[PDB]
Each structure stands twice: as structure tokens, then as C-alpha cells.
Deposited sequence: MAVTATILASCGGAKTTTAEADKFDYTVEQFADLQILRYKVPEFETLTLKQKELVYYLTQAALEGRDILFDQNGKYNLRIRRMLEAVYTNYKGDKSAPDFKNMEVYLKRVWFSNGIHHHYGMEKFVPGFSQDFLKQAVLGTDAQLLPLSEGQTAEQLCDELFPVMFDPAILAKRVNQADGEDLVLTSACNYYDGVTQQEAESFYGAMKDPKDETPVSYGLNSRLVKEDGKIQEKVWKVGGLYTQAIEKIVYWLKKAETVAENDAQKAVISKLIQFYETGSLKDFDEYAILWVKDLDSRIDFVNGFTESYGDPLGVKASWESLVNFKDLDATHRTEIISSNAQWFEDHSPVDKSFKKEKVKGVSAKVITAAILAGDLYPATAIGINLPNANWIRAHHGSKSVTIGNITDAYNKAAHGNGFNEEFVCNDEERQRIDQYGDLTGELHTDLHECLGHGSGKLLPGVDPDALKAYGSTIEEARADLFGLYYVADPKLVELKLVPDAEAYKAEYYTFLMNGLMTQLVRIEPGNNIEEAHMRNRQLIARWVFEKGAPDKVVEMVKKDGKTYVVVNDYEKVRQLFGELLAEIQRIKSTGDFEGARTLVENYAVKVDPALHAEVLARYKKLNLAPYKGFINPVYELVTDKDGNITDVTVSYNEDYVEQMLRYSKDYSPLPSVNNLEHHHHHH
């Protein structure tokens, strides 16, 4: 199985497996199938939300790309192909992370000739429009760097609504937009709807054009609703069926009270094996933070992985009791499901998340609860795709370590994460009267260090062999080596030339690693050595490293529990911030030679329904033999119901 698909620009395309899909019942597979169809119909929605020209530009390049009869080896065509592939990755003409608009690496004359040589019937022309007019429309949008430069703008002294190419507002200023929603809000509403979540705000009166059946985007929403109605007929139980039924109504009415009702039912549906997301969910695509991008995920519970986190959870008190922290900081009584993604769509595709924490409505989270999950097969795909990429070959000090990391690194890294997330933050307590914010700007860095150290100290414990979480007592050394190598050295690849460590998690890792390095130095517990001008991290006593991790854990627990700001500051400023310029440049030059793309995204598997003569389903199969170009072209042909212009 090949986890890697292709690489272009600053992007690498991967694939993921859907483990245990074949173990589901046939009816369960049917429900997954329908939900995945409901997911795939939404792709055009996100494109349009990210820019009113995106569907035209996508469809123009797509018509050129698939019918081109010219020299496909020529640089103009190759750069146009890269551009289109970036548009597919980013669901628009702007960088999926940076928001800046892509720079075409091909000439306008080339595109003009390519467009004119395409059957005009195949171009996304409006009625009565010519190919020349479509180019006059789109070429400034594509080629002029000053036009629609950012998909989301965060700058001051600018009208962020007009300065942002996203398509949630049309002909409305930022002050008009914020005022509309500032006025609509009711402070006294204890169960407030998510004002403005599902509409374009336009001036036509400032009014809302709601995304719903019979409204804006109805061509795609109608298809989503069709497949959801199919899914409704094969629900696993009545709770999940009610979720599906309410979600259909929300799409049919556009009512935001239906959305809250749906979200309440969704949080109550905690038992079902299969779950999904399908809606306008997160609001980061909007510079005002009001409108939500469309996304979808279909999934089923990863039983084995969830069981492992439940083993960790149910032993919370054992880890607390045996902790190396001072007894006065220990909780006397102290008390994370994993899901398998079946398909990704909308703002989860192809660039996706490793965890989902929903719903967003605070009053629903407070009174009814929430679902917070991690996506095990996406995390695993990340890990598997990295094997053999050249990184450990370049930076690991010797072949024994490389062999131990290849064998155990993935397992013990994820286990360390599980310890950090399931127990590390929950462990320990403040002393009476101590302000939780006593560490001020250092609080986040110290708190993440504390949880990481809890995980590091315990990933090495023999208890974990007994508990059947690690297969033998040496496995932890893989995680120990990579944590110290990343903390002292290889995370510098994320720092720009001439800068220091800024982000809290990067700081907490350098903090831990540099402290252990300093404290172990008289016994050469950890060394940094050069061969042929390259630096390597050398670990000489793994047992002493565990003891040092424990000593720093105790010290950091004391800092937090007593509110020791000066202690926090001392640790952060002395260990966590300063970058050695020579090491930084050395690591970057070694890293850039590996040609590793900084961003990843995933293609989906392909599901097929098998029916009999009458059409009764007899099986549902999953396949992985589709690449990036194939899947994008197939989605644009078969899962692309929106008009090119949505006005």
C-alpha cells in the first residue's frame, strides 16, 4: 500500500486506509455509503464560499487541461497544471494556509490561446458570453497581484470585508456587516442561535441570502439532502436517525434554530458506531468570524484505539499516585475516542484535521455536552507516509537508533500523545489561593511542558508493558530519542532565518530537551557531536534521561501549583527561546535537501454500491486505486452540481 501519491509546489498528496470497514455489517456499510455521497456533493460549495470567481476559474482550467491538444511538456502547460493542482488542493485561487493568491507561472498569451482552442461549449460561459469575454473577466483576477490578493485579511486600517476575497459578503462594508450582526444579537438569550452562520450577507436593504433548499446553493444542498434521506432509511438506531432527520430539515428550511436542535440531538447520539459531520461548521474562513465554511466527514469508531485510551483513562489514579511530583500537588481522586475517517469533503478535504471537537455553540456545549475525537487513520497515514522519506536517515545519530525508531517510533509517539492528552493536563492540582494565571505569558508554555513531561516520564514505565500498551520495555527509547532530537535540533526547520523560538509548543519542547541536556552534561547523559560538519544528538543513558524528565516534571509541577512566575520565566527564557545561528543554518540546509513538502493533504478512497437485478444492495466495496488528478477530475465531473456563478 502506497501512502504517498504525488508532490508539487509546496504540497504533498497522501492517501489513507479505512481500517476495519469490511468488518461492518452490510446495513452499516450502506449507511456509510449514503453519508459519503452526501459528503462528496458539497465540494462546489466551499469553492464558491472561498471566492465568487473560483468555480469559473476551476472549470476554465479544467476544460483547458482535459482537452489540450498542444505540447504538454512545455513550461507554460506544466506551470498551468501545477496551478490547477494547487486550486484543487486549496478549493480556490488562494493558499490554503497563507491566504495569499497564487502567482501564475504561465503567460496570459498562453492561457488566451489555450482557452480559444477549447470548444466554447466546454467553458463555464454564461448565456451569451464569449470565450474572449470570459478571459476579460477572469484574467485580471488570476494575473494581477493587486486584485483579490488575500482570501482572508487580518490587517488594520483596512475594510476586511472588502479586503478579503472570500464570498461571504457582497457589496457590504465591514462596518455594515459587523453592525448587522451586532444588532441582531440578544444578550439575554440563554440559548442563542448562531447568527449569520449559514448565509451570504448582501445589499439588494442589507439582508441575508440563506444557503438552503430553494435558496443559495440549492443545487448542491438538494443533492446532500437526497443522500441524507437515503441514510435516514438505514440508521443504526433511533437516536442517530433523529440526528439525520433534523439535519435534513435544517438544510430544507435554513433555520438556525433547526441547527441548534440538530446539534443537541447529535451530542446525545454518543453510542452509535457510525458518525458524521455535514454542515457549515467552522468560521475561520470569514475575517469577521461569523459565516462558516462547509465541510463534511464520515466516520466510524476505532474500537481498538479507543480501548487503548480507555485503558490509560481507567488507570488515571495509578499514574497520579506514583508520579514524581511532590505529594502536596497530587490529586487524591482523579478521573478521548478515536474515529476512523471513511471520507473527507469540503473544508476537511484534501487538507484535513487530526481531531474534531464539536459543536461550536457554547450554550449547547455547556448544557448538553460535546464530542471530541481524534482521527486515528489520518494520524497513522501521516506516520506511514513519512517512513523512508530520508529524514531519519539524515538526522538520527546511528543505525541502531534509526532501527529502533523505525520499529517503535510511531507507537510510542502516539502513546506519548495519549498520555499528554488523556492524563498530563488533568494531573496535579494548584495549592489553595494560587491564581491559575499566575505564570502570565509563560503559562501556556509551562503547562504544555508539564503534560509532555508527564507523558515522557510514563511512556518509559514498565507498567505500560504490563498494561499491554507497549510490546516491550525498550520501545520508549524511540520516543525519547526523537523528542530530544526534535527539541534540541530538528524542529529548527520551522524557524525562519534569524529568528528565535516563539510558539508555545516549540518552546516547551526546547525547554525540556535543553534542560535535560544541561543537567545531564557532567555525566554526558546526552551529547551533541559533529561528523563531517553535521550535528547529531547522542543519548548515552536512557534510564538517567527518564530520571531527569521526572525531576523537571516535579520542578514544573511546583512552579504551576505555587504560582512561581519567576521560576517559570527563568526556565522559559534560559532554555526555551534562544536559537544557535550555526545549528539553525546547518539543520535547514540538511533539511531542504530532502525536498519534503511542508503541507499535506489526502485523497479519499472510492466506494462502490453493488446491487441485484431489482437494485437491492448486496455489497459495498472500498477501493484505493485512484490518484490525485483522477479524483479531482472525477469530483468535478460527477459531484459538481453548482452553477459556475452563484448570484
What residue ranges of the deposited sequence are absent from the coordinates? 1 to 23, 228 to 229, 361 to 363, 676 to 683
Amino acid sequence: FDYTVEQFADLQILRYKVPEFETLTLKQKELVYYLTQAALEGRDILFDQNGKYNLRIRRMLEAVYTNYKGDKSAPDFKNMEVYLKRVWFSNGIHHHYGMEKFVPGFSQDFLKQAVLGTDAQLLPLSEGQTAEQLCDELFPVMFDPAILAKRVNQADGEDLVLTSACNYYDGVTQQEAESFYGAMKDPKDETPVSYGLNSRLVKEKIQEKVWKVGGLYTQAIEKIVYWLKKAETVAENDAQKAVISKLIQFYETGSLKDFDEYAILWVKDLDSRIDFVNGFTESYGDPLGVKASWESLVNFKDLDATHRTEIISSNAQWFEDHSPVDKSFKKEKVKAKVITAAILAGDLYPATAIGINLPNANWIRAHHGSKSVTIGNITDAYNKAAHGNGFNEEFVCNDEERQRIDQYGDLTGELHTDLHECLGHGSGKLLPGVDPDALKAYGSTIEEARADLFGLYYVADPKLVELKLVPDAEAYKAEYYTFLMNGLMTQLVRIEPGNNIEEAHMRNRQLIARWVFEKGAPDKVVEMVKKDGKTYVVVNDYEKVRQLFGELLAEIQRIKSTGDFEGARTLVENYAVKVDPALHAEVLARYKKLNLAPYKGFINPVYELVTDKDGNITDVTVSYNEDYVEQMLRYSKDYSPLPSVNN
From here on, numbers count along this sequence of modelled residues.
Mean Cα B-factor comparison, 213 to 221 or 90 to 98, giving the higher one as deposited: 213 to 221
Quick one: say whether 104 to 112 or 251 to 259 has the higher mean Cα B-factor in the deposited entry. 251 to 259
Based on what the PDB entry reports, which of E479, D76, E295, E310 has the top C-alpha B-factor? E310
From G376, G455, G182, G520, can you pick the one with the highest C-alpha B factor in the entry? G182
Per the entry's values, where does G70 land by CA temperature factor relative to the rest of its chain, in the lowest, middle or highest third? highest
C-alpha B factor of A120, ranked within the chain: lowest, middle or highest third? highest
Which third of the chain holds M60 when residues are ordered by C-alpha B factor: lowest, middle or highest? lowest
Thinking about Cα B factors across the chain, which third does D614 belong to? highest
Name the third of the chain's ranked CA B-factors that contains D435, choosing lowest, middle or highest. highest
